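Given next, in structure tokens, is a single chain: the form deposited in one PDB entry.
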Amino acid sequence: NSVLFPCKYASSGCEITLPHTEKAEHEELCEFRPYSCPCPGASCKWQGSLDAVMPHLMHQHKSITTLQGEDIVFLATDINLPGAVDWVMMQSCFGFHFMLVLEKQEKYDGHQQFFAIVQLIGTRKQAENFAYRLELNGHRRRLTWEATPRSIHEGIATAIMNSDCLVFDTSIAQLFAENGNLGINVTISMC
């Protein structure tokens, strides 16, 4: 069985070479796979080296906020808007840029829910060195979600599919929002 196929992406680096039923089990976990625009829109169909990503969003989507500091407040404006809404924002700290996204959608026909999560614009070895915390205050009530951030490689679609991130429903975002506005404190930290 020593039939050792090259990786597809070795045409742009990769030097690994592996048995047939391990290929697509590596070719999505490569460090040499090209990137897709990590903006949570379905629309943008960009691709390129990790290093041309931050340049991508800065030119193509100038529409998108940025802030520095390992401890900011992402303030999602006007939460009650009816329909699939979404907020995106960026948080530079630690030599790195992090993408903070909050995605309202109707997950099961008849129950609309929020879905806030963070990703590091970096390689997954790279994400594994951080941890993030989102947290939502309201009158003597508080709900916190913490975990390490995704690589924008992996993308987040899967996580929100399985629910690995912070997930609450409009009902409650009510005692958290102030005047139609949800504040989510994000602290990113290291380990």
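Basically, rigid core = biggest C-alpha set you can superpose within 1.5 Å across the two forms. Residue positions are given as counts along the sequence shown, with the first one as 1.
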- Between the two ranges 84 to 92 and 101 to 109, the one averaging a larger CA B factor in the entry: 101 to 109
- Message: Mean CA temperature factor from the deposited coordinates, higher in 27 to 35 or in 152 to 160?
- Response: 27 to 35
- Per the coordinate record, which of the options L136, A127, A42, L67 holds the highest CA temperature factor? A42
- Query: Out of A131, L166, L143, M58, which shows the largest CA B-factor listed in the entry?
  - Reply: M58
- Message: Please say which third, lowest, middle or highest, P19 falls into when its CA temperature factor is compared across its chain.
- Response: highest
- Quick tally, chain-level thirds of C-alpha B-factors: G183 sits in the lowest
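From this point on, the text means the form deposited in another entry, which you will not see here.
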- Note yes or no: does the Cα of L75 move by 2 Å or more between this form and the one not shown after the core is superposed? no
- Query: Once you line up the core, how about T21: does its CA shift reach 2 Å between this form and the one not shown?
  - Reply: yes
- Note on the structure: Per the comparison in that other deposited form, the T158 and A84 C-alpha atoms (change 3 Å or more) are positioned farther
- Item | Pairwise C-alpha change, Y108 versus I160, in that other deposited form against this form - closer or farther, 3 angstroms or more | farther
